[PDB]
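Enquirer: This is entry_3.txt (compact mmCIF, N, CA and C atoms).
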```
# COMPACT_ATOMS: atom_id res chain seq x y z
N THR A 1 -24.00 -15.42 22.57
CA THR A 1 -22.99 -16.42 22.17
C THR A 1 -21.76 -16.40 23.10
N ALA A 2 -21.16 -15.21 23.32
CA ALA A 2 -19.98 -15.05 24.19
C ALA A 2 -20.33 -15.32 25.64
N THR A 3 -19.42 -15.99 26.37
CA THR A 3 -19.63 -16.36 27.76
C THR A 3 -18.57 -15.75 28.68
N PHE A 4 -18.88 -15.69 29.97
CA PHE A 4 -18.01 -15.14 30.98
C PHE A 4 -17.63 -16.22 32.00
N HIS A 5 -16.38 -16.19 32.45
CA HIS A 5 -15.84 -17.19 33.38
C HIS A 5 -14.97 -16.55 34.44
N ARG A 6 -15.09 -17.04 35.68
CA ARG A 6 -14.23 -16.58 36.77
C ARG A 6 -13.81 -17.78 37.58
N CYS A 7 -12.65 -17.71 38.23
CA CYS A 7 -12.12 -18.82 39.00
C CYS A 7 -13.13 -19.31 40.04
N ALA A 8 -13.28 -20.63 40.15
CA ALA A 8 -14.20 -21.25 41.11
C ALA A 8 -13.69 -21.14 42.56
N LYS A 9 -12.36 -20.94 42.73
CA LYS A 9 -11.72 -20.77 44.04
C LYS A 9 -11.73 -19.27 44.34
N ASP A 10 -12.74 -18.85 45.13
CA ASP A 10 -12.96 -17.44 45.47
C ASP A 10 -11.70 -16.69 45.92
N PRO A 11 -10.85 -17.24 46.84
CA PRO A 11 -9.64 -16.50 47.27
C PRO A 11 -8.63 -16.27 46.15
N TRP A 12 -8.75 -17.01 45.05
CA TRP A 12 -7.76 -16.89 43.96
C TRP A 12 -8.22 -15.97 42.84
N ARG A 13 -9.44 -15.43 42.93
CA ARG A 13 -9.94 -14.52 41.91
C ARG A 13 -9.22 -13.16 42.00
N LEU A 14 -9.05 -12.51 40.85
CA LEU A 14 -8.45 -11.17 40.75
C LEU A 14 -9.42 -10.24 40.00
N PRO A 15 -10.52 -9.81 40.67
CA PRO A 15 -11.50 -8.93 39.99
C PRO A 15 -10.88 -7.62 39.51
N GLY A 16 -11.43 -7.08 38.44
CA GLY A 16 -10.94 -5.82 37.90
C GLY A 16 -9.98 -5.95 36.73
N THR A 17 -9.57 -7.18 36.39
CA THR A 17 -8.68 -7.46 35.25
C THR A 17 -9.26 -8.65 34.52
N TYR A 18 -9.44 -8.51 33.19
CA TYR A 18 -10.09 -9.51 32.39
C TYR A 18 -9.31 -9.83 31.14
N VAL A 19 -9.32 -11.12 30.76
CA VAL A 19 -8.72 -11.58 29.51
C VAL A 19 -9.90 -11.71 28.55
N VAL A 20 -9.89 -10.91 27.48
CA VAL A 20 -10.93 -10.93 26.48
C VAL A 20 -10.40 -11.79 25.35
N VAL A 21 -11.00 -12.96 25.17
CA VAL A 21 -10.56 -13.92 24.15
C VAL A 21 -11.43 -13.81 22.92
N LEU A 22 -10.79 -13.57 21.77
CA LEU A 22 -11.52 -13.46 20.51
C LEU A 22 -11.56 -14.78 19.75
N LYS A 23 -12.46 -14.90 18.74
CA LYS A 23 -12.61 -16.14 17.98
C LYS A 23 -11.31 -16.52 17.29
N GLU A 24 -11.07 -17.82 17.16
CA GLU A 24 -9.85 -18.44 16.62
C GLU A 24 -9.11 -17.66 15.51
N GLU A 25 -9.77 -17.36 14.40
CA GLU A 25 -9.00 -16.75 13.30
C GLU A 25 -8.95 -15.20 13.31
N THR A 26 -9.30 -14.56 14.45
CA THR A 26 -9.25 -13.11 14.57
C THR A 26 -7.84 -12.59 14.38
N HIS A 27 -7.68 -11.61 13.49
CA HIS A 27 -6.38 -11.02 13.19
C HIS A 27 -5.98 -10.01 14.26
N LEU A 28 -4.66 -9.84 14.44
CA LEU A 28 -4.14 -8.83 15.37
C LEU A 28 -4.77 -7.43 15.16
N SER A 29 -4.92 -6.98 13.89
CA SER A 29 -5.51 -5.67 13.62
C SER A 29 -6.93 -5.58 14.18
N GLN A 30 -7.70 -6.70 14.08
CA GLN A 30 -9.10 -6.77 14.56
C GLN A 30 -9.08 -6.76 16.08
N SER A 31 -8.14 -7.51 16.70
CA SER A 31 -8.00 -7.49 18.16
C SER A 31 -7.74 -6.07 18.70
N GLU A 32 -6.84 -5.32 18.06
CA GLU A 32 -6.55 -3.96 18.47
C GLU A 32 -7.78 -3.05 18.35
N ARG A 33 -8.51 -3.15 17.22
CA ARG A 33 -9.69 -2.32 16.93
C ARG A 33 -10.78 -2.64 17.96
N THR A 34 -10.91 -3.93 18.32
CA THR A 34 -11.89 -4.37 19.35
C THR A 34 -11.55 -3.77 20.70
N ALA A 35 -10.25 -3.78 21.07
CA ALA A 35 -9.81 -3.21 22.34
C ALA A 35 -10.10 -1.70 22.37
N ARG A 36 -9.81 -0.99 21.26
CA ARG A 36 -10.09 0.46 21.20
C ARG A 36 -11.59 0.75 21.26
N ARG A 37 -12.42 -0.11 20.65
CA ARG A 37 -13.90 0.01 20.62
C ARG A 37 -14.43 -0.10 22.04
N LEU A 38 -13.92 -1.10 22.79
CA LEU A 38 -14.29 -1.26 24.21
C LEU A 38 -13.93 0.01 25.00
N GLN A 39 -12.70 0.52 24.82
CA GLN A 39 -12.26 1.72 25.53
C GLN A 39 -13.16 2.93 25.25
N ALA A 40 -13.57 3.12 23.97
CA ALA A 40 -14.44 4.22 23.52
C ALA A 40 -15.84 4.08 24.13
N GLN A 41 -16.45 2.88 24.00
CA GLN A 41 -17.77 2.59 24.59
C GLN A 41 -17.78 2.79 26.10
N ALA A 42 -16.70 2.35 26.79
CA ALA A 42 -16.57 2.50 28.24
C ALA A 42 -16.47 3.98 28.62
N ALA A 43 -15.63 4.76 27.88
CA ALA A 43 -15.41 6.20 28.10
C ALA A 43 -16.72 7.00 28.02
N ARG A 44 -17.60 6.66 27.05
CA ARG A 44 -18.91 7.28 26.86
C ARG A 44 -19.81 7.05 28.08
N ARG A 45 -19.55 5.95 28.83
CA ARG A 45 -20.32 5.59 30.03
C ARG A 45 -19.64 6.08 31.28
N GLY A 46 -18.54 6.81 31.10
CA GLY A 46 -17.77 7.43 32.17
C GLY A 46 -16.79 6.53 32.89
N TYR A 47 -16.40 5.40 32.25
CA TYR A 47 -15.46 4.46 32.84
C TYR A 47 -14.08 4.58 32.23
N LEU A 48 -13.06 4.58 33.09
CA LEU A 48 -11.66 4.57 32.68
C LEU A 48 -11.27 3.10 32.46
N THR A 49 -10.55 2.81 31.38
CA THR A 49 -10.09 1.44 31.10
C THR A 49 -8.63 1.51 30.71
N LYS A 50 -7.93 0.39 30.84
CA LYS A 50 -6.53 0.31 30.44
C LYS A 50 -6.29 -1.01 29.75
N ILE A 51 -5.78 -0.96 28.49
CA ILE A 51 -5.43 -2.16 27.73
C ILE A 51 -4.01 -2.48 28.14
N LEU A 52 -3.86 -3.52 28.95
CA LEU A 52 -2.55 -3.92 29.47
C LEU A 52 -1.69 -4.68 28.46
N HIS A 53 -2.32 -5.45 27.58
CA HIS A 53 -1.60 -6.30 26.63
C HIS A 53 -2.53 -6.68 25.52
N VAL A 54 -2.00 -6.78 24.30
CA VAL A 54 -2.76 -7.32 23.18
C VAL A 54 -2.11 -8.66 22.82
N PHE A 55 -2.90 -9.73 22.87
CA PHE A 55 -2.46 -11.08 22.58
C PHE A 55 -2.51 -11.41 21.10
N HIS A 56 -1.45 -12.07 20.60
CA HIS A 56 -1.39 -12.65 19.25
C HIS A 56 -0.21 -13.64 19.19
N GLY A 57 -0.39 -14.72 18.46
CA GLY A 57 0.66 -15.75 18.39
C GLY A 57 0.11 -17.06 18.90
N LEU A 58 -0.61 -17.05 20.05
CA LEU A 58 -1.29 -18.24 20.57
C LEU A 58 -2.78 -18.04 20.48
N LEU A 59 -3.32 -17.14 21.31
CA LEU A 59 -4.73 -16.80 21.29
C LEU A 59 -4.85 -15.34 20.87
N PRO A 60 -5.89 -14.97 20.08
CA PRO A 60 -6.11 -13.54 19.81
C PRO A 60 -6.95 -12.94 20.95
N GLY A 61 -6.65 -11.72 21.32
CA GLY A 61 -7.41 -11.05 22.36
C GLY A 61 -6.63 -9.97 23.06
N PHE A 62 -7.04 -9.63 24.28
CA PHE A 62 -6.36 -8.58 25.01
C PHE A 62 -6.65 -8.67 26.49
N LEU A 63 -5.81 -8.03 27.25
CA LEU A 63 -5.92 -7.98 28.70
C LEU A 63 -6.37 -6.58 29.05
N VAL A 64 -7.45 -6.47 29.81
CA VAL A 64 -8.00 -5.16 30.14
C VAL A 64 -8.24 -5.00 31.62
N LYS A 65 -7.83 -3.84 32.16
CA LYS A 65 -8.10 -3.43 33.55
C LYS A 65 -9.32 -2.51 33.45
N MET A 66 -10.45 -2.97 34.00
CA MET A 66 -11.71 -2.24 33.92
C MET A 66 -12.67 -2.76 34.99
N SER A 67 -13.71 -1.96 35.27
CA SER A 67 -14.77 -2.35 36.19
C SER A 67 -15.53 -3.54 35.58
N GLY A 68 -15.94 -4.50 36.42
CA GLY A 68 -16.76 -5.62 35.98
C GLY A 68 -18.12 -5.17 35.45
N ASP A 69 -18.57 -3.90 35.80
CA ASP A 69 -19.84 -3.33 35.27
C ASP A 69 -19.91 -3.39 33.74
N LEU A 70 -18.73 -3.31 33.06
CA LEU A 70 -18.64 -3.29 31.60
C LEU A 70 -18.68 -4.65 30.93
N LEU A 71 -18.80 -5.74 31.71
CA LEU A 71 -18.78 -7.09 31.13
C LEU A 71 -19.92 -7.36 30.14
N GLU A 72 -21.18 -6.95 30.46
CA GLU A 72 -22.29 -7.18 29.52
C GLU A 72 -22.00 -6.48 28.17
N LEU A 73 -21.45 -5.26 28.21
CA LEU A 73 -21.08 -4.47 27.03
C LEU A 73 -19.92 -5.19 26.29
N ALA A 74 -18.87 -5.60 27.03
CA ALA A 74 -17.72 -6.29 26.44
C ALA A 74 -18.09 -7.61 25.76
N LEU A 75 -19.08 -8.37 26.35
CA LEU A 75 -19.53 -9.63 25.76
C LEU A 75 -20.23 -9.43 24.42
N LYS A 76 -20.70 -8.20 24.16
CA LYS A 76 -21.40 -7.83 22.92
C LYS A 76 -20.45 -7.36 21.80
N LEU A 77 -19.16 -7.15 22.12
CA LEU A 77 -18.18 -6.70 21.11
C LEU A 77 -18.03 -7.70 19.97
N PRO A 78 -17.80 -7.23 18.72
CA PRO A 78 -17.55 -8.19 17.63
C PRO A 78 -16.30 -9.02 17.93
N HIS A 79 -16.31 -10.27 17.44
CA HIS A 79 -15.22 -11.25 17.52
C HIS A 79 -15.05 -11.90 18.90
N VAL A 80 -15.77 -11.47 19.93
CA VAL A 80 -15.57 -12.04 21.27
C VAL A 80 -16.03 -13.51 21.35
N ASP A 81 -15.14 -14.38 21.86
CA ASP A 81 -15.42 -15.80 22.09
C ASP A 81 -15.86 -15.94 23.55
N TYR A 82 -15.03 -15.46 24.48
CA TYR A 82 -15.33 -15.50 25.91
C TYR A 82 -14.42 -14.55 26.65
N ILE A 83 -14.77 -14.27 27.91
CA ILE A 83 -14.03 -13.34 28.74
C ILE A 83 -13.81 -14.06 30.05
N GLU A 84 -12.58 -14.00 30.53
CA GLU A 84 -12.22 -14.65 31.78
C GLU A 84 -11.62 -13.66 32.75
N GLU A 85 -12.14 -13.65 33.98
CA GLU A 85 -11.58 -12.78 35.02
C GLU A 85 -10.19 -13.35 35.38
N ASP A 86 -9.19 -12.48 35.55
CA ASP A 86 -7.87 -12.97 35.92
C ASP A 86 -7.89 -13.68 37.30
N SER A 87 -6.94 -14.59 37.53
CA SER A 87 -6.84 -15.34 38.79
C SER A 87 -5.40 -15.72 39.10
N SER A 88 -5.14 -16.10 40.35
CA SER A 88 -3.77 -16.44 40.79
C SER A 88 -3.31 -17.85 40.40
N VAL A 89 -2.00 -17.98 40.23
CA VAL A 89 -1.35 -19.27 40.05
C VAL A 89 -0.25 -19.29 41.12
N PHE A 90 0.16 -20.48 41.54
CA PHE A 90 1.11 -20.65 42.64
C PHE A 90 2.17 -21.68 42.33
N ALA A 91 3.40 -21.45 42.80
CA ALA A 91 4.51 -22.40 42.71
C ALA A 91 4.06 -23.69 43.43
N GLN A 92 4.32 -24.85 42.80
CA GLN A 92 3.95 -26.14 43.42
C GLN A 92 5.22 -26.83 43.99
```
Could I get this file's structure written as structure tokens?
Expert:
Amino acid sequence: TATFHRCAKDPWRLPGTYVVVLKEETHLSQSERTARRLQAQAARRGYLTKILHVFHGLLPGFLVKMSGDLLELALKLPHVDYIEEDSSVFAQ
């Protein structure tokens, strides 16, 4: 069900940082528990992860610095809607 997305403009992609977007009515407490679950599952596989930010107010989810190797595992987490690789924006 959950899908993955990355910027179509290759020079503007920022691999290694992902926005994990949870389903619309996901509560902040569920977002935090999901982020900790990802960190625990990643740690068991020998990967270091860092939760940079937990989102609430507009979209539920979190920002994670982690290897892209963990994306298949992250897409399987409860409440996940989609995951987007971070990318650049520029002054116009």
Enquirer: Looking at A:49, A:17, A:31, A:1, which one is nearest to residue 87 (chain A), with distances taken over all atoms listed in the file?
Expert: A:17
Enquirer: Which of these residues is nearest to residue 83 (chain A), using only N, CA and C atoms: A:12, A:50, A:37, A:21?
Expert: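 When distances to residue 83 (chain A) are compared using only N, CA and C atoms, the smallest one comes from A:21.
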Enquirer: Residues near region 60-62 of chain A, anyone? I mean within 6 Å using only C-alpha atoms, not counting same-chain ones fewer than 2 positions away, as a list in words.
Expert: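 Skipping anything fewer than 2 positions along the chain leaves residues 19, 20, 21, 22, 31, 53, 54, 55 and 56 of chain A.
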Enquirer: Between A:2, A:77, A:66, A:14, which one has atoms that come closest to residue 48 (chain A), using only C-alpha atoms?
Expert: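 Closest residue, counting only C-alpha atoms: A:66.
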Enquirer: How far is it from CA of residue 84 (chain A) to CA of residue 39 (chain A), in Å with one decimal?
Expert: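 Between these atoms lies a distance of 17.5 Å.
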Enquirer: Some atoms are missing, so please complete region 26-41 of chain A with N, CA, C and O atoms and return it as a compact mmCIF listing (two decimals), in the frame of the given file.
Expert:
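Resulting contents of out37.txt:
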```
# COMPACT_ATOMS: atom_id res chain seq x y z
N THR A 26 -9.30 -14.56 14.45
CA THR A 26 -9.25 -13.11 14.57
C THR A 26 -7.84 -12.59 14.38
O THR A 26 -6.91 -13.07 15.02
N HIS A 27 -7.68 -11.61 13.49
CA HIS A 27 -6.38 -11.02 13.19
C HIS A 27 -5.98 -10.01 14.26
O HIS A 27 -6.83 -9.37 14.89
N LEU A 28 -4.66 -9.84 14.44
CA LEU A 28 -4.14 -8.83 15.37
C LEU A 28 -4.77 -7.43 15.16
O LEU A 28 -5.06 -6.74 16.15
N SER A 29 -4.92 -6.98 13.89
CA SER A 29 -5.51 -5.67 13.62
C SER A 29 -6.93 -5.58 14.18
O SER A 29 -7.32 -4.52 14.67
N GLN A 30 -7.70 -6.70 14.08
CA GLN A 30 -9.10 -6.77 14.56
C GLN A 30 -9.08 -6.76 16.08
O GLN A 30 -9.87 -6.04 16.71
N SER A 31 -8.14 -7.51 16.70
CA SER A 31 -8.00 -7.49 18.16
C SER A 31 -7.74 -6.07 18.70
O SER A 31 -8.34 -5.66 19.70
N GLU A 32 -6.84 -5.32 18.06
CA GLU A 32 -6.55 -3.96 18.47
C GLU A 32 -7.78 -3.05 18.35
O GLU A 32 -8.02 -2.23 19.24
N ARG A 33 -8.51 -3.15 17.22
CA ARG A 33 -9.69 -2.32 16.93
C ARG A 33 -10.78 -2.64 17.96
O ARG A 33 -11.40 -1.71 18.50
N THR A 34 -10.91 -3.93 18.32
CA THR A 34 -11.89 -4.37 19.35
C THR A 34 -11.55 -3.77 20.70
O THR A 34 -12.45 -3.24 21.38
N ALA A 35 -10.25 -3.78 21.07
CA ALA A 35 -9.81 -3.21 22.34
C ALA A 35 -10.10 -1.70 22.37
O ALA A 35 -10.61 -1.21 23.36
N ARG A 36 -9.81 -0.99 21.26
CA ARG A 36 -10.09 0.46 21.20
C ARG A 36 -11.59 0.75 21.26
O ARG A 36 -11.98 1.72 21.90
N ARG A 37 -12.42 -0.11 20.65
CA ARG A 37 -13.90 0.01 20.62
C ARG A 37 -14.43 -0.10 22.04
O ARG A 37 -15.24 0.75 22.48
N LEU A 38 -13.92 -1.10 22.79
CA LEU A 38 -14.29 -1.26 24.21
C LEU A 38 -13.93 0.01 25.00
O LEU A 38 -14.77 0.53 25.75
N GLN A 39 -12.70 0.52 24.82
CA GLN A 39 -12.26 1.72 25.53
C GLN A 39 -13.16 2.93 25.25
O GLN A 39 -13.49 3.65 26.19
N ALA A 40 -13.57 3.12 23.97
CA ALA A 40 -14.44 4.22 23.52
C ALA A 40 -15.84 4.08 24.13
O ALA A 40 -16.34 5.01 24.75
N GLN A 41 -16.45 2.88 24.00
CA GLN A 41 -17.77 2.59 24.59
C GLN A 41 -17.78 2.79 26.10
O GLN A 41 -18.75 3.34 26.64
```
